[PDB]
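Listed below are the residues making up each chain.
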Amino acid sequence: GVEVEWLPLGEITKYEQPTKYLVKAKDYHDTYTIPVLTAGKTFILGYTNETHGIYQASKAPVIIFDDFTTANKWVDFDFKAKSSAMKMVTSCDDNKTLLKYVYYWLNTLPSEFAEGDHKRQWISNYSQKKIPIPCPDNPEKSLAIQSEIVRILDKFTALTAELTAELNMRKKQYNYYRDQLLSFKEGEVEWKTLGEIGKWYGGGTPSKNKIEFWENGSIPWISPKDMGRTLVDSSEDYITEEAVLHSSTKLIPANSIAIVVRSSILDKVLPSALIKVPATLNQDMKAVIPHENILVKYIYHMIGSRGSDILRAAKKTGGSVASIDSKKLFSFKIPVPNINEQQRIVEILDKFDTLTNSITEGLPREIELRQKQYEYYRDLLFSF
Amino acid sequence: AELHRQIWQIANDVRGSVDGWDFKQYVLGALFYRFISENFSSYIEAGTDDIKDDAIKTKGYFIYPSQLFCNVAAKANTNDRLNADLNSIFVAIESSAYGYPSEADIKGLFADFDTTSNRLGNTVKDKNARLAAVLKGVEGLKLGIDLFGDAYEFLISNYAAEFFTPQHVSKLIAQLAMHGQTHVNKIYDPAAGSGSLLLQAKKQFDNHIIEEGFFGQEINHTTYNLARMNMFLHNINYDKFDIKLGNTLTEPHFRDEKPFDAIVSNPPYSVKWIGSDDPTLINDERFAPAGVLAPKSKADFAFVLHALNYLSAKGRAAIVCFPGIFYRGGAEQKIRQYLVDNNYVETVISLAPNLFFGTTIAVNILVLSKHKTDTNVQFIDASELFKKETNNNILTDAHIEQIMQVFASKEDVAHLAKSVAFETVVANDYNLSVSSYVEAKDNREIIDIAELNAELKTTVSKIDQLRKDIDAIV
Amino acid sequence: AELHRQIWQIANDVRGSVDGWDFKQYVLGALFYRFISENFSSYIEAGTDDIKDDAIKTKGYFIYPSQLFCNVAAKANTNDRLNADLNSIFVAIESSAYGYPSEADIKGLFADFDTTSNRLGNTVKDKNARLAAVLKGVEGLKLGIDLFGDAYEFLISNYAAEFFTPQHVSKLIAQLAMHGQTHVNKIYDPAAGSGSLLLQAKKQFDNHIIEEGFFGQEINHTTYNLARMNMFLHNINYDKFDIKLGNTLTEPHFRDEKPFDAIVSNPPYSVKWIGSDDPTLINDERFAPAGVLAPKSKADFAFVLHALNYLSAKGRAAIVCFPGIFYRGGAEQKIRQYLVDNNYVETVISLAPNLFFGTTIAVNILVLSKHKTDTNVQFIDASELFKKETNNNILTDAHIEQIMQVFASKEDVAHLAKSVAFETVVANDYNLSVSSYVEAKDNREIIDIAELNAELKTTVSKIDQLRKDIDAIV
Amino acid sequence: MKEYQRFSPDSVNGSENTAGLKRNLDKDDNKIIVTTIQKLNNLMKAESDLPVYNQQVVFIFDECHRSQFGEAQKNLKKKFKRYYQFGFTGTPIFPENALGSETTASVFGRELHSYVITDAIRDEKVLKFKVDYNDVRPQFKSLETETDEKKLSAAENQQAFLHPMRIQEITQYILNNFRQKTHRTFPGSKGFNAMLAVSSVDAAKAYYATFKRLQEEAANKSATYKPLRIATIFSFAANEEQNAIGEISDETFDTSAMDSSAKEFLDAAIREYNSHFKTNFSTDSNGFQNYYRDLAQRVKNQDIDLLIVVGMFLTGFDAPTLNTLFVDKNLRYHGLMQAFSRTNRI
């Protein structure tokens, strides 16, 4: 870029409000087909996609999310919906703008956009100014120098999208390859009932009234609001060592597993984690230690494998907010093999999911680092 | 909604001008007085019709609607005569107006009812202007074959903002009280609330089925009053048609009239009562066959025991509960044991959350019969019904038609519930109802199709990383 | 909480046994009667102390507390004498008991107050048993130097479940009414709500500062009543100490007494009023200097204009708002223009969300003065205060101490707000307050340190993919 | 808003909503309606199909100036059928007041009941008069005692009637007699404020500098003379006839309709007023009117010693603490009575 000029935004930008929607109909299941695209995660399910006066989302506009936010940005992918809050941004000019260029230029400035704090509309304010522009060598090669850098950002965005895609396919193929192996076991592996594996410990919760029992201390507390990880090493809450006077808990060793019994199941998959520190958990989940005839990671992968049907064994337990019974959870039989059919198979399968999972030696360790160097090179490219 | 929805909005406009219950009492009394006046005028002048009437004085002729409708309005104290002298001092003659139909001692009174419109009110001119404005606004309601009370249903539904029914669910449980039984009577109701769920069958079966008027019982005082005027609006015969006030757990009546032939109900939930219990209500006629009472936090199944007490030799029964009363400890377990002692409990059908007014939980309906085959059949039902925005759904007449088709002859339809056995329910700990939904959408894939795709991901990925390394020239 | 928190829990136990407001009226009247009786006995017998008293009849001596506390309790109608004859038929003598202090015509009555405890109630024996049980339960409150009304603060905070203040924020805005001005008076309040925010200064300054009693005005009737008993509990002099009932937008009083010297307030938000306006309230003494009214959806700044009307030549002012009143269209823009016409608006300080009872928004406080230097200074404040679980925080006495240190002499502290200029605010469109928070945590990295790490990721990645290809032997 | 005897008194306005006023016609039981003659005339000329035109209508009027005094009454005759029109006034018209208009008894009719000033004075509601001319200057004695209304109207100038020696001796008279006539003969006395009204603006532009300079000289005579804070206000103008014979022509609210020799003179006087009193009112279309209101409020509390007046403060203003009025003007039947009403309150 030989000549650089900053220009105001709304000079070269056509802003328009959404075409009117009534897309709140009685069923919009996955059998339907429109992409309903909102803020945060930009996808809700199908809907019948024609004759509703849908904007149809032509070749390359951009959007902004939204009132109280004005930070979230999404490329209009192909031809999609007008989903319920969106505000449409495009340009009047064609031979200078090519507004995926300015899609890339808009996320360059989180200066105000690190402040979603006050109830507020920002339309005129970002609609003023500024952005840098390769003017005044327009219309000769103004977009022609862009093709380099927009190719750079397109390769990088392509990288991010495919890495998410191969992570998804990797977990998909991995879960499909887990239980093809390791299962239907013959012949004939012992149908050992759960709890005949090691005396496991229930739970317990101190009240938050006594600030003595709550404010300090170095015992790692575990809560299922803080679960959803895998291989938990530490949590948000560290509870008081005095509080074991009336915690109604048990301090457990540092090679344990744990499993929820409340409110993520009754709907979905139940999490579990290798807890590597001595810790306690609340009323609402269970801690398990096995007993010595085993290798503990094999028990972990066995439970995480058979989760989708041990939830099925005791699913409903009433229309209450709570979930799976104690007894039918306790009274499930798993094939427990000989030790050579513990350590080898858990070595292969542990090597596999430790290739997949967070953080150190992992795929997200590639993902967010390429995200960081992405944004760094973005900010690196855009000065004068 | 054709010519209706405008008048629904007119009622919404009339909703002024203070907190809703206070003026709402006067609103309901006004439309009640208007409808009784118009119905009485329609009776006495279906043929010379007179807007203004006379003091014709013939008591012997007067007592014959006092045997038929049980109430003379008056000679000249009708609404249409009173609508001429509006804004006229004073207004308290309406109190004396309520003296007129409340004579009604011959026969089978059903009076002692209209004590709603009291006086507050701070000056007499405030009372005059306010009540005259209410009468003027209720006079302009262009309604006049003569469907009237659905706006009353709207206005009574416009509160707790109690929880009664989204009315297609009431039509559903009415179709559960089906079928093919021209057999006196219908219908008893414990804890009726409104007469909304006590309406659909005979309003659909005005001369299709001919059994008797309706009986019931309800807890609250003002809910009892609005229930009696609710059932009175819909042009229903005076014959025996009533509800008495009280509680079924404390004043169970009427035992002597009769073992009923069909019942529906909406019992409220978590309705803890006196424990456990201080009188001998174990040793009554209905809880002694169970074996134990229904304590405070589990105060639900006392209603269903009281329901199954008042039942015929053949006629079915249908009640609503929520599926959280599942096993609920050993007391409710042995209650369930006496319920499954026979084919007393015939069918159970679940209903997806919410389909109510912000509750937000799911429900289920229990259909009982002393009309057996016998095996237990847990035909529960999940999705689909839309729920939240307007009503919603509300609700899919073909879906309830096909669930009646399923209820007809005992099919075994997967991706849906099916029959079970008595051996199955004794294999359960009498659970309500885990069995028998099957589908889970756990869909298979292909090893090779996934892995060569992942190889394509890599062949994209590594060269794009190479091009990033090219772009690392800074 | 030392010997307190148990008694807070005892009040929670006494909270039975119906919906809270209804019995709560009788509870407050009971503790009110108990405290007046104990204070009157403490006055008349600080030295021979008698549990039971006499009919000593000396009216001339009786009228002297009727000039001093303005009310004789009675000869024998105190609480401690009435606590002997509990459960005695009948109970309605308490009504006649309220005749006794309500004589009080000499001088400056402050009576006509205690009409809370009405009768419902369905039988006389119900009334006797219920009110006697309430008196017995309130008698057992072991309180007795004599801090009493914080449990009253708890019970009045236990509702809208209105929104008054988390009381350390009231202590904060009290410290905003600081400093160093022994200058009559304090304190006027428009829309006071409770007397909670109208308490902290003179309760801290019982003989430290000596100016006058408190004045104010409040909208609701029962809130006015609980406010007067709230301010009456805390052992405050009879002198002129009062609030009158009304609305400041409709009955602004008192103009003649006086131009005040310090004010705090909690005006409610989005409080739309009569528009726009039908009387000549543009041409009053306080809105004509602005230039335009405060319409319906923007009904906030009428309170702050009414506030700045009643101000001295020197004494500062402090009000609360929410930062959503930001520019709010051209009407509020020109309101802001007349606010920034001088250094009327001195400082503004933001306060992080929520720090309230489920509102859930942030707030800000505006401190005004006709005591100028002058430049505008937007010392807004973000995090940190904890917010949600117990109260919370509540709240960090060193943090408010250092924000008073910042407020003392005009520092310019980054990672925090600082001063601005009048040229800056006319460069703004009078915005409240974008300037001047700076920090964003956009932290740099290193090219080479990132890329050789990524190379280490690759050297792990490719050989692990090779080992997966080894593991593809099936 | 002063009609709040009844509660609520249905004191409705459109302001200026002829659609709102006809809505109030359509709305029932706001049984009193207050409206201007201008709103009524806008309603009649804008709308001529109202249902009120054949209805029982009562009218009561007050404070009649001469803009729509006959024309709106001609619309009242034209676009109505059943009216009962009544009047409250202090302004009779009939014998010698207007001489060219429809008189009160010919507008309205019978003098239904009257309450003259006389027995009100007898019943201690207002106070008495002492009207004296200041035959003090034998130079302009013939011109002061001149009664030729043609020459007093026409040959009024700045030298034969506004001479600097003449104005100077007027000033010396009033500054000698102020603290006597305001009962300020003692230091701890209470005191009263006073007004001085004239008929021409250039007189007042002479007067402000005249009083200022002569007070400067009086303070420089012996360094003992207590000065007097003297203020003044006016905008514009004797705009129309606006009245009968003879009253004050009302000043409109146009700020700078006169020259800046009058307008910026007033502005500099208001800047000196701001410099002494720490006020904020500029002379725009907003600060001037509320400046007038603020000056009206702070002249009432005896914190302003002397008020020079062109044409304001003569009809609707009240001052319970003002005993003494000074006139250099020629007046007529009852506009002069309206001027004399500005002292006589008890």
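Just above sits the structure.
Conventions adopted
- Residues numbered from 1 in each chain as written, not as in the entry; some residues may be left out.
- Chains lettered and ligands numbered in written order.
- Part of a larger assembly, values for the part shown.
- Heavy atoms only, no water.
- Residues with missing side-chain atoms left out of burial classes, pairs and counts.
- Pairing = 2+ DSSP bridges.
- Helix = DSSP H or I, 4+ residues; strand = E, 2+ residues; numbered from the N terminus.
- Axes fitted to C-alpha atoms, helices over the stretch in contact; angles between N-to-C directions.
- Least-squares fit on C-alpha atoms.
- Contact = heavy atoms within 4.5 Å.
- Buried < 20%, exposed > 50% of the residue type's maximum accessible area, 1.4 Å probe, protein only.
- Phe/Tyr/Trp six-rings, centres within 6.5 Å; stacked < 30°, edge-to-face > 60°.
- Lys NZ or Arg CZ within 6 Å of the ring centre and 35° of its normal.
- Buried area = accessible area lost by both parts, 1.4 Å probe.
- Salt bridge = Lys/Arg side-chain N within 4 Å of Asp/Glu carboxyl O.
- Polar contact = N/O pair within 3.5 Å; in protein donor to acceptor, adjacent residues only side chain to side chain.

Engineer: Looking at this structure, how should I read the sheet that holds strand β3 (residues 317-321) of chain C?
Structural biologist: Hydrogen bonds between backbone atoms are what pair the strands of a sheet, whose relative direction is either parallel or antiparallel. Residue and element names in this part refer to chain C. Pairing is antiparallel across the open sheet formed by 3 strands, whose spatial order is β3-β5-β4. What marks the edges here is a single partner per strand, and that holds for β3 and β4 (345-351). Recorded for the sheet is a direction-independent mean angle of 20° between the axes of neighbouring strands.

Engineer: Honestly, the relation of the copies chain B and chain C in this entry has me stumped. Any pointers?
Structural biologist: Related by rotation about an axis and a shift along that axis, the two copies of the chain form a pair. For the pair chain B and chain C, the superposition axis carries a translation of 1.8 Å, the fit reaches an RMSD of 0.0 Å, and the rotation angle comes to 180°. Given the turn and translation reported, the copies of this chain are related as if by a two-fold rotation axis. The C-alpha atom lying nearest the rotation axis in chain B is that of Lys462 of chain B; the distance is 4.9 Å. Interface overlap between copies is the fraction of interface residues in one copy that are interface residues in the other; for chain B against chain C it reaches 75%, indicating a shared surface.

Engineer: Would you take a moment to explain the sheet that holds strand β2 (residues 14-16) of chain A for this structure?
Structural biologist: Residues and elements named next belong to chain A. As summarised here, the arrangement of the 3 strands in space is β2-β4-β3, forming an open sheet in which the pairing is antiparallel. The sheet terminates laterally at β2 and β3 (62-64), the two strands that pair on one side only. The sheet shows a mean angle of 30° between the axes of neighbouring strands, taken without regard to direction.

Engineer: Looking at this structure, how should I read unusual backbone geometry?
Structural biologist: Excluding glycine, a negative phi dihedral is what most residues carry, and trans is how most peptide bonds are arranged. Here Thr359 of chain B and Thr360 of chain B are connected by a cis peptide whose omega angle stands at 25°. In this structure, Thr360 of chain B sits in the loop between β4 (345-351) and β5 (363-368). The linkage connecting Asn393 of chain B with the following residue, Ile394 of chain B, adopts the cis geometry, with an omega of 0°. In this structure, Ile394 of chain B sits in the loop between β5 and α14 (397-408). The residue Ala60 of chain A is not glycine, and still its phi comes out positive at about 60°. Note that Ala60 of chain A resides in the loop between β2 and β3. Taking relative accessible area as the criterion, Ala60 of chain A reaches 27% and is therefore assigned partly exposed.

Engineer: Teacher, can you tell me more about the packing of aromatic side chains here?
Structural biologist: Note on aromatic pairs: each is described by the distance of the centres and the angle between the planes. Applying the stated criterion across every chain, the model contains 51 aromatic pairs over all chains. Ring centres of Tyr269 of chain C and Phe322 of chain C lie 4.7 Å apart, and the angle between their planes is 50°; this geometry places the pair in the tilted category. Highlighted residues: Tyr269 of chain C in the loop between β2 (244-245) and α12 (301-309) and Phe322 of chain C in the loop between β3 and α13 (329-339), separated in sequence by 53 residues. We classify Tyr269 of chain C as partly exposed; its relative accessible area is 26%. Seen from their ring centres, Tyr292 of chain D and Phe313 of chain D are 4.7 Å apart, and the 35° between their planes marks the pair as tilted. Note that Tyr292 of chain D is positioned in helix α11 (residues 287-300) and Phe313 of chain D in the loop between β5 (306-309) and β6 (322-328), a separation of 21 residues in sequence. Since its relative accessible area comes to 17%, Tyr292 of chain D is described here as buried. Using a relative accessible area of 2% as the deciding quantity, one classes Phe313 of chain D as buried. Here the aromatic cluster, defined as three or more aromatic residues joined through ring pairs, consists of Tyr188, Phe215, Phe260 and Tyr310 of chain B. In this structure, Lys130 of chain A is placed above the aromatic ring of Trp6 of chain A, and the distance from its NZ or CZ to the ring centre is 5.1 Å.

Engineer: Help me understand the environment of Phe356 of chain C, please; the structure alone is not making it clear to me.
Structural biologist: Residue and element names in this part refer to chain C. In this fold, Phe356 is placed in the loop between β4 and β5 (363-368). Here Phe356 falls in the partly exposed class, since its relative accessible area comes to 22%. Taking the C-alpha atoms as reference, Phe356 lies 29 Å from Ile274; in sequence the two are 82 residues apart. In this structure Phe356 touches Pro166, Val363 and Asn391, once residues within four positions along its chain are discounted.

Engineer: Just checking my understanding: could you explain the interface of chain A and chain B for this structure?
Structural biologist: When the parts of a complex come together, some accessible area is lost, and that lost area is often used as the size of the interface. The interface of chain A with chain B comprises 28 residues on the first partner and 29 residues on the second. With both chains or domains summed, chain A and chain B bury close to 2,700 Å², and 60% of this area falls on carbon and sulfur atoms. By the criterion of area lost to chain B, the three top residues of chain A are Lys26, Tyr176 and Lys316 of chain A, representing 22% of everything that side buries. Seen at the junction of chain A and chain B, the total is 1 salt bridge. Among the salt bridges present, the one from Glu445 of chain B reaches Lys172 of chain A, with a minimum N-O distance of 2.8 Å. Where chain A meets chain B, there are 6 residue pairs in polar contact. If you list the elements that add at least two residues to the side of chain A that touches chain B, you get α3 (146-178) and α7 (364-381) of chain A. Counting residues per element, the side of chain A that touches chain B draws most heavily on α3 of chain A, at 12 residues.

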